[PDB]
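As provided, protein-v4.pdb (PDB, C-alpha atoms) reads as follows.
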```pdb
ATOM      1  CA  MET F   1     105.723 122.186  84.597  1.00  0.00           C
ATOM      2  CA  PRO F   2     107.263 118.789  85.624  1.00  0.00           C
ATOM      3  CA  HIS F   3     109.118 118.179  88.858  1.00  0.00           C
ATOM      4  CA  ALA F   4     111.823 115.602  89.370  1.00  0.00           C
ATOM      5  CA  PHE F   5     110.555 112.088  90.010  1.00  0.00           C
ATOM      6  CA  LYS F   6     109.633 111.322  93.621  1.00  0.00           C
ATOM      7  CA  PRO F   7     108.456 108.184  95.487  1.00  0.00           C
ATOM      8  CA  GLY F   8     104.808 107.361  94.666  1.00  0.00           C
ATOM      9  CA  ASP F   9     104.992 108.609  91.065  1.00  0.00           C
ATOM     10  CA  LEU F  10     103.402 106.167  88.587  1.00  0.00           C
ATOM     11  CA  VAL F  11     105.176 105.247  85.355  1.00  0.00           C
ATOM     12  CA  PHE F  12     105.649 102.821  82.602  1.00  0.00           C
ATOM     13  CA  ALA F  13     109.256 101.657  83.015  1.00  0.00           C
ATOM     14  CA  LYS F  14     111.324 100.342  80.125  1.00  0.00           C
ATOM     15  CA  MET F  15     113.890  97.590  80.354  1.00  0.00           C
ATOM     16  CA  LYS F  16     115.722  96.164  77.371  1.00  0.00           C
ATOM     17  CA  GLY F  17     113.834  93.188  76.035  1.00  0.00           C
ATOM     18  CA  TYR F  18     110.591  93.912  77.908  1.00  0.00           C
ATOM     19  CA  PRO F  19     107.492  95.984  76.941  1.00  0.00           C
ATOM     20  CA  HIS F  20     107.038  99.330  78.739  1.00  0.00           C
ATOM     21  CA  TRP F  21     105.836  98.025  82.090  1.00  0.00           C
ATOM     22  CA  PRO F  22     103.396  99.527  84.700  1.00  0.00           C
ATOM     23  CA  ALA F  23     105.465 100.547  87.701  1.00  0.00           C
ATOM     24  CA  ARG F  24     105.987 103.033  90.525  1.00  0.00           C
ATOM     25  CA  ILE F  25     108.886 104.912  92.054  1.00  0.00           C
ATOM     26  CA  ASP F  26     109.312 103.182  95.406  1.00  0.00           C
ATOM     27  CA  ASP F  27     110.326 104.546  98.741  1.00  0.00           C
ATOM     28  CA  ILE F  28     113.478 103.069 100.303  1.00  0.00           C
ATOM     29  CA  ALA F  29     112.557 101.574 103.697  1.00  0.00           C
ATOM     30  CA  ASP F  30     114.669 102.488 106.688  1.00  0.00           C
ATOM     31  CA  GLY F  31     117.589 100.038 106.768  1.00  0.00           C
ATOM     32  CA  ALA F  32     117.047  98.927 103.144  1.00  0.00           C
ATOM     33  CA  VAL F  33     119.575  98.876 100.288  1.00  0.00           C
ATOM     34  CA  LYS F  34     119.732 102.233  98.478  1.00  0.00           C
ATOM     35  CA  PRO F  35     119.937 102.527  94.657  1.00  0.00           C
ATOM     36  CA  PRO F  36     123.116 103.713  92.877  1.00  0.00           C
ATOM     37  CA  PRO F  37     123.474 107.490  92.290  1.00  0.00           C
ATOM     38  CA  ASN F  38     121.105 108.952  89.686  1.00  0.00           C
ATOM     39  CA  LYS F  39     118.961 105.772  89.844  1.00  0.00           C
ATOM     40  CA  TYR F  40     115.483 105.299  91.330  1.00  0.00           C
ATOM     41  CA  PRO F  41     114.041 102.111  92.910  1.00  0.00           C
ATOM     42  CA  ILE F  42     111.360 100.970  90.457  1.00  0.00           C
ATOM     43  CA  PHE F  43     108.635  98.617  91.690  1.00  0.00           C
ATOM     44  CA  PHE F  44     107.104  96.757  88.756  1.00  0.00           C
ATOM     45  CA  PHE F  45     103.417  96.002  89.172  1.00  0.00           C
ATOM     46  CA  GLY F  46     102.297  92.434  88.544  1.00  0.00           C
ATOM     47  CA  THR F  47     105.751  90.834  88.868  1.00  0.00           C
ATOM     48  CA  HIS F  48     106.424  92.805  92.081  1.00  0.00           C
ATOM     49  CA  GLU F  49     110.151  92.918  91.169  1.00  0.00           C
ATOM     50  CA  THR F  50     112.396  95.936  91.838  1.00  0.00           C
ATOM     51  CA  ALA F  51     115.057  97.268  89.486  1.00  0.00           C
ATOM     52  CA  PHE F  52     117.119 100.451  89.525  1.00  0.00           C
ATOM     53  CA  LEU F  53     116.449 102.762  86.614  1.00  0.00           C
ATOM     54  CA  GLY F  54     117.170 106.304  85.524  1.00  0.00           C
ATOM     55  CA  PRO F  55     114.690 108.879  84.077  1.00  0.00           C
ATOM     56  CA  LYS F  56     115.457 107.948  80.494  1.00  0.00           C
ATOM     57  CA  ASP F  57     113.545 104.690  81.034  1.00  0.00           C
ATOM     58  CA  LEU F  58     110.612 106.195  83.031  1.00  0.00           C
ATOM     59  CA  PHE F  59     107.447 107.379  81.235  1.00  0.00           C
ATOM     60  CA  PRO F  60     104.866 109.232  83.428  1.00  0.00           C
ATOM     61  CA  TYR F  61     101.707 107.126  83.599  1.00  0.00           C
ATOM     62  CA  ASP F  62      99.049 109.785  82.840  1.00  0.00           C
ATOM     63  CA  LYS F  63     100.792 110.844  79.592  1.00  0.00           C
ATOM     64  CA  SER F  64     101.682 107.289  78.472  1.00  0.00           C
ATOM     65  CA  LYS F  65      98.746 105.044  79.356  1.00  0.00           C
ATOM     66  CA  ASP F  66      96.923 105.383  76.005  1.00  0.00           C
ATOM     67  CA  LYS F  67     100.043 103.981  74.302  1.00  0.00           C
ATOM     68  CA  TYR F  68     101.339 101.414  76.749  1.00  0.00           C
ATOM     69  CA  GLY F  69      98.358 100.424  78.945  1.00  0.00           C
ATOM     70  CA  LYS F  70      97.143  97.530  76.791  1.00  0.00           C
ATOM     71  CA  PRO F  71      97.120  93.768  77.580  1.00  0.00           C
ATOM     72  CA  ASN F  72     100.345  91.867  76.989  1.00  0.00           C
ATOM     73  CA  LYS F  73     101.083  88.141  77.027  1.00  0.00           C
ATOM     74  CA  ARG F  74     104.077  88.527  79.365  1.00  0.00           C
ATOM     75  CA  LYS F  75     103.896  86.989  82.848  1.00  0.00           C
ATOM     76  CA  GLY F  76     102.508  89.432  85.373  1.00  0.00           C
ATOM     77  CA  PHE F  77     101.748  92.203  82.901  1.00  0.00           C
ATOM     78  CA  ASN F  78      97.919  92.216  83.011  1.00  0.00           C
ATOM     79  CA  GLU F  79      97.942  91.887  86.797  1.00  0.00           C
ATOM     80  CA  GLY F  80     100.246  94.891  86.716  1.00  0.00           C
ATOM     81  CA  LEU F  81      97.739  96.884  84.628  1.00  0.00           C
ATOM     82  CA  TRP F  82      95.055  96.206  87.262  1.00  0.00           C
ATOM     83  CA  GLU F  83      97.343  97.238  90.142  1.00  0.00           C
ATOM     84  CA  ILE F  84      98.466 100.507  88.592  1.00  0.00           C
ATOM     85  CA  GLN F  85      94.875 101.538  87.747  1.00  0.00           C
ATOM     86  CA  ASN F  86      93.117 100.243  90.848  1.00  0.00           C
ATOM     87  CA  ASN F  87      95.498 100.318  93.842  1.00  0.00           C
ATOM     88  CA  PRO F  88      98.898 101.678  92.765  1.00  0.00           C
ATOM     89  CA  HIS F  89      99.971 102.772  96.297  1.00  0.00           C
ATOM     90  CA  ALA F  90      99.173  99.578  98.189  1.00  0.00           C
ATOM     91  CA  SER F  91     101.552  97.222  99.941  1.00  0.00           C
ATOM     92  CA  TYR F  92     102.420  94.314  97.608  1.00  0.00           C
ATOM     93  CA  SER F  93     104.684  92.576 100.114  1.00  0.00           C
TER      94      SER F  93
END
```
Starting from the file, give its structure as C-alpha cells.
Amino acid sequence: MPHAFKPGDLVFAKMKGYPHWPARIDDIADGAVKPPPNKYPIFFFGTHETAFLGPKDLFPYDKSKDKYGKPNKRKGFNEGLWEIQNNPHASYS
C-alpha cells in the first residue's frame, strides 16, 4: 500500500496550463527556503525549475508513465523524459 510522498519519489507533476511533467520530490538543502505547509518542493526535469505542489497534482511515475511519458513540443520536456528515465537522482545544479 502507498506511503506518503518523500524526497526522491518520481512523479509526473501537473501545473495549470502545462502537460503532466516529469519531476521529482526534492530534498530541502540545509539553509534553503522551505515550502508552505502541505506542499512539497517539486523539481521539474528538463527545465530544472522548482515549484511547490500538493499531492493532488503529483502522479507516481511507475503508474503514470504509459500515459504521460511521451514526447511533447514544450521547452525542456523531452530532456526531462531522458532525465527521469536515465538519471532521476542526479545533481542538476
> What separation in Å, quoted to one decimal, exists between atom CA of residue 68 of chain F and atom CA of residue 42 of chain F?
Replying inline: 17.0 Å
Run the PyMOL selection byres ((chain F and resi 80-82) around 12) on the file and write out the hits as a PDB file with C-alpha atoms, in the coordinates of the input.
```pdb
ATOM      1  CA  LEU F  10     103.402 106.167  88.587  1.00  0.00           C
ATOM      2  CA  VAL F  11     105.176 105.247  85.355  1.00  0.00           C
ATOM      3  CA  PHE F  12     105.649 102.821  82.602  1.00  0.00           C
ATOM      4  CA  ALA F  13     109.256 101.657  83.015  1.00  0.00           C
ATOM      5  CA  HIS F  20     107.038  99.330  78.739  1.00  0.00           C
ATOM      6  CA  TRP F  21     105.836  98.025  82.090  1.00  0.00           C
ATOM      7  CA  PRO F  22     103.396  99.527  84.700  1.00  0.00           C
ATOM      8  CA  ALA F  23     105.465 100.547  87.701  1.00  0.00           C
ATOM      9  CA  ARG F  24     105.987 103.033  90.525  1.00  0.00           C
ATOM     10  CA  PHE F  43     108.635  98.617  91.690  1.00  0.00           C
ATOM     11  CA  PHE F  44     107.104  96.757  88.756  1.00  0.00           C
ATOM     12  CA  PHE F  45     103.417  96.002  89.172  1.00  0.00           C
ATOM     13  CA  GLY F  46     102.297  92.434  88.544  1.00  0.00           C
ATOM     14  CA  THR F  47     105.751  90.834  88.868  1.00  0.00           C
ATOM     15  CA  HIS F  48     106.424  92.805  92.081  1.00  0.00           C
ATOM     16  CA  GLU F  49     110.151  92.918  91.169  1.00  0.00           C
ATOM     17  CA  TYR F  61     101.707 107.126  83.599  1.00  0.00           C
ATOM     18  CA  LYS F  65      98.746 105.044  79.356  1.00  0.00           C
ATOM     19  CA  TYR F  68     101.339 101.414  76.749  1.00  0.00           C
ATOM     20  CA  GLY F  69      98.358 100.424  78.945  1.00  0.00           C
ATOM     21  CA  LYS F  70      97.143  97.530  76.791  1.00  0.00           C
ATOM     22  CA  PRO F  71      97.120  93.768  77.580  1.00  0.00           C
ATOM     23  CA  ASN F  72     100.345  91.867  76.989  1.00  0.00           C
ATOM     24  CA  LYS F  73     101.083  88.141  77.027  1.00  0.00           C
ATOM     25  CA  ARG F  74     104.077  88.527  79.365  1.00  0.00           C
ATOM     26  CA  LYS F  75     103.896  86.989  82.848  1.00  0.00           C
ATOM     27  CA  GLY F  76     102.508  89.432  85.373  1.00  0.00           C
ATOM     28  CA  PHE F  77     101.748  92.203  82.901  1.00  0.00           C
ATOM     29  CA  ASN F  78      97.919  92.216  83.011  1.00  0.00           C
ATOM     30  CA  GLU F  79      97.942  91.887  86.797  1.00  0.00           C
ATOM     31  CA  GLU F  83      97.343  97.238  90.142  1.00  0.00           C
ATOM     32  CA  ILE F  84      98.466 100.507  88.592  1.00  0.00           C
ATOM     33  CA  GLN F  85      94.875 101.538  87.747  1.00  0.00           C
ATOM     34  CA  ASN F  86      93.117 100.243  90.848  1.00  0.00           C
ATOM     35  CA  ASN F  87      95.498 100.318  93.842  1.00  0.00           C
ATOM     36  CA  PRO F  88      98.898 101.678  92.765  1.00  0.00           C
ATOM     37  CA  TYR F  92     102.420  94.314  97.608  1.00  0.00           C
TER      38      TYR F  92
END
```
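Under the PyMOL selection byres ((chain F and resi 56) around 12), the matching residues in the shown file are residues 5, 11, 12, 13, 14, 15, 38, 39, 40, 52, 53, 54, 55, 57, 58, 59 and 60 of chain F.
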Based on the selection just made, write C-alpha atoms of those residues as a PDB file, in the frame of the given file.
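To be explicit, this is the file written out as result10.pdb:
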```pdb
ATOM      1  CA  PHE F   5     110.555 112.088  90.010  1.00  0.00           C
ATOM      2  CA  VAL F  11     105.176 105.247  85.355  1.00  0.00           C
ATOM      3  CA  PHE F  12     105.649 102.821  82.602  1.00  0.00           C
ATOM      4  CA  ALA F  13     109.256 101.657  83.015  1.00  0.00           C
ATOM      5  CA  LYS F  14     111.324 100.342  80.125  1.00  0.00           C
ATOM      6  CA  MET F  15     113.890  97.590  80.354  1.00  0.00           C
ATOM      7  CA  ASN F  38     121.105 108.952  89.686  1.00  0.00           C
ATOM      8  CA  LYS F  39     118.961 105.772  89.844  1.00  0.00           C
ATOM      9  CA  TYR F  40     115.483 105.299  91.330  1.00  0.00           C
ATOM     10  CA  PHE F  52     117.119 100.451  89.525  1.00  0.00           C
ATOM     11  CA  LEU F  53     116.449 102.762  86.614  1.00  0.00           C
ATOM     12  CA  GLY F  54     117.170 106.304  85.524  1.00  0.00           C
ATOM     13  CA  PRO F  55     114.690 108.879  84.077  1.00  0.00           C
ATOM     14  CA  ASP F  57     113.545 104.690  81.034  1.00  0.00           C
ATOM     15  CA  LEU F  58     110.612 106.195  83.031  1.00  0.00           C
ATOM     16  CA  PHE F  59     107.447 107.379  81.235  1.00  0.00           C
ATOM     17  CA  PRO F  60     104.866 109.232  83.428  1.00  0.00           C
TER      18      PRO F  60
END
```
> Between atom CA of residue 28 of chain F and atom CA of residue 91 of chain F, what is the distance, to one decimal in Å?
Replying inline: 13.3 Å
> Could you work out how far atom CA of residue 41 of chain F lies from atom CA of residue 29 of chain F, giving the answer in Å with one decimal?
Replying inline: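 One can read the atom CA of residue 29 of chain F to atom CA of residue 41 of chain F distance as 10.9 Å.
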